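Sharing a structure with you now.
A, B, C, D, E, F, G, H, I and J are the chain letters, set down in written order, and residue numbers restart from 1 in every chain.
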Amino acid sequence: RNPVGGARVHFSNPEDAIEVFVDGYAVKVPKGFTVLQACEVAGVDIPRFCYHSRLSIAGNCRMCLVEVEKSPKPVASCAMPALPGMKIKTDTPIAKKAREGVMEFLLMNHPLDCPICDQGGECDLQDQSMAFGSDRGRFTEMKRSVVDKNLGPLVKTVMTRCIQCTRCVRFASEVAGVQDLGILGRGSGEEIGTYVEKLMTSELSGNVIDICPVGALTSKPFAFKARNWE
Amino acid sequence: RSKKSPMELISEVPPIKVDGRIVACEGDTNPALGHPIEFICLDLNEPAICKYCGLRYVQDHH
Amino acid sequence: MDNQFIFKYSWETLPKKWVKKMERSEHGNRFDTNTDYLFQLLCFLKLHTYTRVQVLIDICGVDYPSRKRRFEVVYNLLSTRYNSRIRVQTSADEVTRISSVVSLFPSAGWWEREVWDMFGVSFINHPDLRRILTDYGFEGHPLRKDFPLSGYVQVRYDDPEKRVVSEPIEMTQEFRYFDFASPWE
Amino acid sequence: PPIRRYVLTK
Amino acid sequence: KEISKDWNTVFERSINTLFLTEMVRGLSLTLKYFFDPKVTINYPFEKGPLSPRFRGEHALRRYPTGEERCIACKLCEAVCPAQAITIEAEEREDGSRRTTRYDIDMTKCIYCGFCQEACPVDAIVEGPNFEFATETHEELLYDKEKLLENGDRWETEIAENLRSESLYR
Amino acid sequence: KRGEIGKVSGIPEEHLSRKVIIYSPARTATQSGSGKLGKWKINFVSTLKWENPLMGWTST
Amino acid sequence: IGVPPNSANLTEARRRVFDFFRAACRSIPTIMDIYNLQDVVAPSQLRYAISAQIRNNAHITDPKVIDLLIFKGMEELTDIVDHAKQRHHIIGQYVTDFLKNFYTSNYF
Amino acid sequence: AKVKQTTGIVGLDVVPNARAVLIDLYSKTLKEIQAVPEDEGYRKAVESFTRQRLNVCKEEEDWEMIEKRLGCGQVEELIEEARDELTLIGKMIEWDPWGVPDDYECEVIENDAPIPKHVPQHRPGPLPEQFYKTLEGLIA
Amino acid sequence: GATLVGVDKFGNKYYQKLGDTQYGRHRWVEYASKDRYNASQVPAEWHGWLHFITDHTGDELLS
Amino acid sequence: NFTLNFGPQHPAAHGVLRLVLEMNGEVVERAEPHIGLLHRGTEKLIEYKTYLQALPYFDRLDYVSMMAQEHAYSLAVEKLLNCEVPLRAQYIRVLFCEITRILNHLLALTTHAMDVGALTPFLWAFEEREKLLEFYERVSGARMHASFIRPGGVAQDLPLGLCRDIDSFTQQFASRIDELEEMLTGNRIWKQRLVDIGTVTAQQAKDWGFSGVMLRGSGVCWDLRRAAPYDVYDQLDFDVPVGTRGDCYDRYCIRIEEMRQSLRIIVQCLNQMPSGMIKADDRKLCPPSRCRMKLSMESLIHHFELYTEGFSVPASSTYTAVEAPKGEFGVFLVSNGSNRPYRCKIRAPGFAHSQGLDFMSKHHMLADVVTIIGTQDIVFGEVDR
């Protein structure tokens, strides 16, 4: 197979290349290269919500779960480092029912504002829900809600439609270099914000628009101007 | 009358009085003939505007 | 006859050099043969006792602008007596001429003419091969992936010369192509 | 589902 | 050798083909319908029957409060097979997502109802009007004010049609 | 070079001299999936698109 | 009759070119007196026009391309022979710079 | 024991003494395809069904029993099939397509994607035993 | 005139006749004006009743 | 010999028909139709639109049997998608296919009679045809181009009062057929204007691809809904009429008998129709209910993602064929694997029938050409895609 997206694997040590079985097709990857990256090398594309290849690895949102033969529980492929001679399993009932079960929880409290979401046509949540999800839908009770707090003249925020993937927090803490965005609260009902009136004052502060998967953070100048398909 | 555009006509409707932290807005009294349901957390002292209808909801208590 | 029975018998009975590629499925039995053995294969399938393919349904054509043999003409056939449906397809080119089958099935003349009209695939010893669908003086073959949807020329009435004339196309509103294709597929 | 294919030699 | 050679039957056949019995029998049938009541209707005063599902004039509904239902979701523009709907949107100072240009080319429109059944808010509908007959071509380019005028005019009947068939689909 | 197929295509001759760009479109930043990669397209530069002076439609 | 199979060598291609040109000439008077045009154009210049059109594709080397071009030539000729082409279509069809382009448009 | 006097198909007239014209056409086909190499499957199949059809025509004279024992079509349809088979045999002889080219490659796909029960599927009835017996003879 | 069913603000009056088993002459309009009447004067409330869309008279549809 | 041309503007020749034919003064020797006057370009347009956006093109192909082409397209999509369909949807699809058969047979018969010279049956058949066009106008919006049949099931459920009205119509439709037949079968002019005209033999019809009534007229018992029954047709019992000698009159009798058989099938579907859902529960090609898209997040997501992107048919290629009233209507889909069809060739039955006009009108008179045109029931929407 060929790597998905044309990704280039840089072998800084030719001697160290552990061989793993992603789905029965053995591939060679260097030390490190967590199970997600090993599957990326072998041309297998795994769902992801919290994992960005440019930021630190976080384990929440439990969406990239796969099955390893020598593992009782499904493992987080985006965080578990590769080991020699693993028999990974992706298209398995365990690794599938894991994904529908997780995405049902993701969608149970999501608001129904798709027609007015500025990220309607390019949302990872709905695009993955169509592929890796159950169509029925079981939740019937009252959802939660979060009020919207202004920050920046160019970042329109609707935190009601925010899965707490903490990707924006990690970006602001690591790449942007200014620590103004953080995660506040505990349990079901934790919010993400500055906790004060301050706005994101950074030169590369507009990258939170793209990095956030769902339409929680969208550009304010491009508010409702057009859809992605047109 | 038709000189009042919806922009300045929806603002003349007084905000709704409701108890609780959140309220569910469906548009029409018949759920099938309204918009998708929109739970809004009305915690700020300003009225919380439904994104579909434009109706404003404010908390009677406190 | 049963679909697998046609598979087994035809594959065993047919000369081996005729069929380059062949496929069995629920969608339909397919015989991908060479461009020069097509006439002989059709003649064999028409006259053989067990496989009496007497009626030709249609002659199709698919444009693949990513392979050396760009076009692919598809011959859908039907055996009325044995209640079976066989499909024979070959590969063509912009300049390669492929033998006609009008001698076997006289109804194939119009289908070959329309294939030439749409894809520009000529047919050997075809009587009266000319454009059938597009208008008179048409330039280009519309069904190729290269041909723009709106075409190259327009039609209107000009008053200085009391006739209907043609100009290069000038669209009042361009065809808005919506790219709905998404990843995770 | 499998969509397998086997090439045949002389 | 088709034969009808019998003394009695030759007389019976040679009379039917000589006194035009078939012609008379097919002639007396039209006279039966001559005196029968007609099936036509005087169109201007009496209209033909329709259905609650009829596909006619496009209309842009609005909420009973007075705010327009269209939220510029652009599903109707994307689903329209004829590509007749053009939409332009921007965020008003109220922050609401609304349309500024929503024009339908009723000469490209095919009246299929795909746009009507794609709205998540029932913003656009196809009213029961079928009497456009404009004398000018550019009058057929409805431009979001004709839509709203149609919605205001037919609201009392579009609402009834929608609530009558809301149990379906 | 070798425009014989271009000559026999029958398309207007003035469109045979167009400059085109060949590239593989990159993955969009707003999405994380890589299911739209590895496919090459020819990019004719259709720059000229004015606005219809009746309804604002984009003519070409 | 039917379409000729192909041309293996360039000599057959040249022979077919000559045959097509000859046939087009033997068909030149019927198209002169079927479109009702006698004094507007003399039959001589149409011969030069056809010769120029044929000589235009002088750089072609593939015999198959030559064959298909000749086939298109017969198709156009046969279309013209019948009273099918629109009136006077044939006569219209068969008849520094930098500043000039700059003063008109940006796309030259 | 009576003349058919109607085929039910327009343009396909009845053939009196159909057994006579069908008993020698089969012999002509059998004696004509001797030139085809024995290792080719076409000859084996054509001989296998032609011999059985010729026999069945031999034991029984009246066309009703002939067509009931065979169970396929009518006597005139069988005659047309025999003529077409003879013409195909001649064309095969003159074409000589027998043999396998060197470094021959055949691409075979046996994908099995199920389709719903309610889409048009050409389902025929069970065949007479000779169609299967020919395939068994060919394979072994 | 078997039955007169309601009136209109424009002045055009609405009638109704009931048949037995075959359609014909069920309900029609008597337009108030005469200057070619434009063939389109029925309001939205009475448009549904006229075309057999709804069984409501139209005066009831206003309420 | 002179070569005059047709192209009459009155609907005798169904319009948009150009016929350049050479006669021997009184007797025609060769007729060469010039099709292409109605080549809209549907085949090129289908490739540019989603599998759902391309459905109404199939209404515009054969516009007397609108639901027959939608049936073929839906069956092709289902075969490519491997989607099961509930019994109620299959039964209503069969019912409306039979209604299309009745409509098309009525229109063909009375346009043929108008061409011959009979005028009365035309108006009677249209006052009948309105009573089924209103059935179409009830289940969906438009009377003619009803996009009622979707790939999954059907568009939406039948209204409450439709079955009673359909049964009431079928009560008297047989008597109406008998009244129409009274003036044509027994009439001696009708026989002399049809007998021994346009004879086609079964071998020659097979050679020219005359699948349909033109095949069964020649004595071939070939019915696509008996040989390859697709929807619920094994349960329904009906007889397949077969002609004895096919010449412009056994075809007419076969069309009468097929109208009666369609009436019988409609009665059977009405009596045997079950209750249940109408659209498949796959929810990949079927949209959620309007009450569910406004209450459930997954339902709204699916609605949004199938009313813009549409369903993606897995990469394959199939040929499906259904027994359209004209004949064998076949749709050949080639699926790229995306949400748009790569190639959709449409096998119009009228193409081969119009091709076979040249030999059928051999050594006939000029007045025996309009009857050949009428007796094959050609419409140029399908002939010129």
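The rule we apply is simple: contacts are C-beta pairs under 8 Å (C-beta built on N, C-alpha and C of every residue); 3 or more make two chains touch, one makes a residue touch a chain.
In UniProt terms, the chains line up like this: C = NADH dehydrogenase [ubiquinone] iron-sulfur protein 3; E = NADH dehydrogenase [ubiquinone] iron-sulfur protein 8-A, mitochondrial; G = NADH dehydrogenase [ubiquinone] 1 alpha subcomplex subunit 6; J = NADH dehydrogenase [ubiquinone] iron-sulfur protein 2.
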| item | value |
| --- | --- |
| Contact distance in steps, from chain E to chain I | 1 |
| Mean-CA-position distance for chain H and chain C (Å) | 30 |
| CA centroid of chain C to CA centroid of chain D, Å | 26 |
| Approximate Å spacing (C-alpha centroids) for the pair chain G, chain J | 44 |
| Centre distance in Å when chain C and chain J are each reduced to the mean of their C-alpha atoms | 24 |
| Residues of chain C touching at least two other chains | 27, 83, 85, 94-95, 147, 173, 175-176, 178, 180-185 |
| Residues of chain H touching at least two other chains | 100-101, 104-115, 121-123 |
| Residues of chain D engaged with two or more neighbouring chains | none |
| Chains grouped in pairs wherever the two touch, ordered by label | A-B, A-C, A-E, A-F, A-J, B-E, B-J, C-E, C-F, C-G, C-H, C-J, D-H, E-F, E-I, E-J, F-G, H-J |
| Residue ranges of chain F in contact with chain C within the complex | 5, 8-12, 15, 27, 31-36, 49, 52, 57-60 |
| Chain H residues within the chain J interface of the complex | 7-12, 113-123 |
| Touch list for chain J against partner chain C, complex | 35-36, 39, 41, 43-45, 48, 50, 79, 203, 206-209, 211, 220, 222, 227-228, 308-310, 312, 316-319, 321, 328, 330, 332, 334, 338-339, 342-343, 345, 347, 351-352, 355-356, 384-385 |
| Chain E - residues contacting chain B, complex | 62-69, 71, 92, 94-98, 120-122, 152, 162-163, 166 |
| Touching residues (chain side chain C, partner chain F) in the complex | 94-95, 120, 139-141, 146-147, 152, 168, 170-174, 176, 181-185 |
